[PDB]
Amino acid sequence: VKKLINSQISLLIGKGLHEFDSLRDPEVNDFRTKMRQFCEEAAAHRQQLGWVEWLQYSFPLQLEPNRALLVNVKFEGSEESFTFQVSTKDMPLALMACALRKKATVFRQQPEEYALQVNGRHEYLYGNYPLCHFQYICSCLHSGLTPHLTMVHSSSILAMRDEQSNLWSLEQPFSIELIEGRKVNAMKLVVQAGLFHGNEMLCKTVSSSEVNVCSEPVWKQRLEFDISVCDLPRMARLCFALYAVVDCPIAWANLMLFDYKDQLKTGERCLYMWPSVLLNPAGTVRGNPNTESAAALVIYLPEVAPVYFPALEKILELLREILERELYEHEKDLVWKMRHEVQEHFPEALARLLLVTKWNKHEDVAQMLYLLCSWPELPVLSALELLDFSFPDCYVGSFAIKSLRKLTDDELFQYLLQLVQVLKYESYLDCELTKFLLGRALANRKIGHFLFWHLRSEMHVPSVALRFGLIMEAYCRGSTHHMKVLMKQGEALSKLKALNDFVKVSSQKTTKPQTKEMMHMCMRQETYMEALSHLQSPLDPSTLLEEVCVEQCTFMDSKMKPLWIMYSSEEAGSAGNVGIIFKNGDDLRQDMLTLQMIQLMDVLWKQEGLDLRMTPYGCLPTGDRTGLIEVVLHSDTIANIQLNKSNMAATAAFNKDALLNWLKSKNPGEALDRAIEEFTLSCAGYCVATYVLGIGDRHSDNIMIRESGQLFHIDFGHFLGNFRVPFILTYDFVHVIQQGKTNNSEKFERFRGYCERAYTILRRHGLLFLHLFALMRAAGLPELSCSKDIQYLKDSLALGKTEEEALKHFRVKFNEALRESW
C-alpha cells in the first residue's frame, strides 16, 4: 500500500517522488523526514478529535463578517420533512429542538447531539449564533429562498471522522575566487557581484575584469569584499550577474553564505544561472535546474580555517515622536540611540528600528536582537509588514510568525494568497512560515484545500517546483483521505483540458452548433462522465459538483474558448444547480488577486455596517495558464442587454432605456425598487473598487448584471493603471440610479454618499492594502513589479492626507467623472 500512496502523491503534485531522491541533497532529505513527522503527528491528533471538533476541522463555519423566516428540515435517513417558522434571532439548537419534537409526534416518540447540514453541501450550522449570522441563512433572506436543512446525528459525523483515517574571530575582508563559466553570446563579458541582506547592500558591488565574449570563460580572480567576515549576518546573500558590454544582461544567480546548518560555506561551487529579463537580490537562492542548457559559473569560497553562526545565548550575551509616524541620517541615529525607549514605549515601531540597524556590523545586530528577544508581540497588521523582504533576518521572521499565530482562520484565509507568495522569499526549505502554513492547513481542511491549489498551480515554474513539491508531499502525508479527494479534482481537470483542446480544434473547422454537439458526445463517454461527476469544487470545497448536465454545457466563443460546465444535484435542489468555467490559455493570477481584494473591501465595508451588495465569485488558478471561474447564474452582460433586441420584454424606444426595461422585466411591480437599490449599491462598490485598484478598460462587455439588480465585473487583466485611470461614471448606470428620470438628485446624491462612505472606509485600512500588495511583489505578476505600482495605491487612497482633504480630492474626481458622463 505504501507504494500505492507514493504514486498517488506523485500524480497529484505533478512531480515524481523519485526526482526528490535523485537530487541526493541533505537539506531536501531533512526537510522531507522532519515534515513527514510533523504532518503525521497532526493527522494523529485529528483522528481522536471530538465530533464537534471534527466538524470544526472539516466544515468550518461560514459566518457573516426580531423577524421570522420559513425553513425546511429533515433527518438524514428519511424523505418526509417539515417546514417550520422561526426567527432570524433563534439559535440552531432552538431549531433542532423543533425538528426533534416534530419527529417525536409523527414517529410516535436531545438537541445537543446534532448538527444541521445545508442540503447538498459540505456546510453546517452549529454553535451559539443567531441564524442570520450564518452566511447561508443570510443569502437565503436576500435572494428570498427557504433554507433547506438536514439533521445530522453525532454518530454519523463520527463515522465520517473514522473513514478518513490515514565566527567573531575572522577579521580579514570576505572574498571569493571567480574561476570560469560556460555561456552563449555576442563584445566583452563582465561579472558583477554584490552582498545583500534583503534590499540593502552590505557594502559596494565589486566587479570583474572584462574578458572577450569567447568561451566557456576563465577568470581565476580573488574578488575581495568591503566588510569583515565576522560581520556577515546569519542571512547574508551573495549575488552574481553576468552580462556583456562594448548593455546586455544575460544571467544572474544568488546563494546564501551560510548553509541551512548555520555553517559558513567553502570551498568551490558551480552556479547554474537563470537567464536575464543587472543584480537580483530577491531572486531565488537556488540554482537553475535545467543544468543541460543553463550557463554556469564556478566560484570558490575560501575555507577560513567548521564555523557556525554562534548560538542565541552567545548572541544574548553580547523630536522622536514627531518623525515617528524614509528618514535622514541623524534621524536614524536618534532612533537607534533610543532603541530601548522604542521597545518600551513604541513597540509598534519595530520595523522602523530594524530598517535603521546596521546589518553590516555584528555588534549592532547583536544589540538589536537582544531587544527583539523581549519585544512584546505585535498586532496582526504589523506582523504582515515584517514578512516583507526588507526583513530577511530569521529571528525577525520568527517573531513575525509568532505575532501571526493569533490570526483567525477567516483572516488566515483572507491573506493566504500573500503568505504563499512569501514562501518565494524564503532562503531555506525548512522554515517557520512553512511549518506554520502546514500546521494551520492540517488543522483546517478549507485552508488545506486552498494551500494545495496555490501550490499545485505553480508546479510548472522551475524556480518554485521543488519547494512547493515538497510542501504538497508533506501535506499528503498528513491527510491520506484529502489527498484522494484532491486527486478526484485533478482527474476532472485533466479531462476538462482534453475536452477544451478538442473544442479549440473543432471550432476552427466547423460551426458552433456542430462543435457543441461533438463536445456533448465526448462528454458522454463513460470515462468523462465518471471523471467530471461527483467532486468537491476546486473553487469552494463546500460546493459539491454532483452530476454534470451535458445538455447544458457549452463553450464561450472568445479566443481561448472557455468551457461552460453545469452541474445539478437532487439532494441539494436549486442550490445544487451550479456552474464552473474552465479556461486554458490565459494567466488567471491577476483576476484572482483583483477578486480577492474586492472581497476584502466587501469585508471591511460590512464590518462598519455597509453592504454594497457585491458578488464575490470564485476564481482559482490550477495549473499552467489554467484555472476555473465560478459561474454567476441568472446574469447577462450590459452589452448583451444593450443589443436592444426585438421580441423581448425589454424592447425600448430609446437605447438608454434598455437596461432599465430589462430590470423591470425581471422585477415586476413592487420588486422594481429593491432592484434599483441593489444596482445602486453595487454600482458604488464597483466604481470605488475599480478606481482604487486602477482597473481600466471597463466597458459593456466585461460588466454584468444579475436579475436581482446587482452589477459586477468580469475579465480584469489590467490594474494599478497599467494600460492614472479616472473615476468612471457611466451614463447608462446613472440613468438606472435616477430611476429613468433626467433629473433626480435625491437618488443620485444618495449614490454619491455610498461611494464616499466606501472610499473613506478603505482609507482607514490603507495600510492593510499596502502591506498586502507589498508581499504580492513576490509573485512576479507583470503589473506588480516595482515601487511605482505600490505608489499607484498610495495615490488612489490619498493616504498622505487628512480625511477632510482626501474627500475633497475624491469629490473633484467624482465630479469630473459625472461631467465626462455624456
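Start at 1 and count along the sequence shown; that's the residue number. C-alpha atoms forming the largest set that superposes within 1.5 Å between two forms make up the rigid core.
Greater C-alpha displacement in 9 other deposited structures of this protein (rigid core superposition, RMS over structures and residues), of 207 to 215 versus 122 to 130: 207 to 215.
Comparing 375 to 383 with 177 to 185 in 9 other deposited structures of this protein, after superposition on the rigid core, the stretch with the greater RMS C-alpha deviation is 177 to 185. In this entry, no coordinate-free residues of the deposited sequence separate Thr651 from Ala652. The stretch of deposited sequence separating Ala186 from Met187 contains 1 to 3 residues lacking coordinates in this entry.
When 710 to 718 is weighed against 454 to 462, 710 to 718 comes out higher, by mean CA B-factor as recorded in the entry.
Between 744 to 752 and 343 to 351, the higher mean Cα B-factor belongs to 343 to 351. Take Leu496, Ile581, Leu170, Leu125 and read off each C-alpha B-factor from the entry; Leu170 has the highest. Between the residues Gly120, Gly618, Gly478, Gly287, the entry's highest C-alpha temperature factor is the one at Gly287. Per-chain ranking of the deposited C-alpha B factor places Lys656 in the middle third. Sorting the modelled residues of the chain by their CA temperature factor places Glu677 in the lowest third.
Compared with the other modelled residues of the chain, the Cα B-factor recorded for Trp274 ranks in the middle third. For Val28, the recorded CA B-factor ranks within the lowest third of the chain. Only modelled residues enter the ranking.
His771: CA B factor lies in the lowest third for its chain, per the PDB record.
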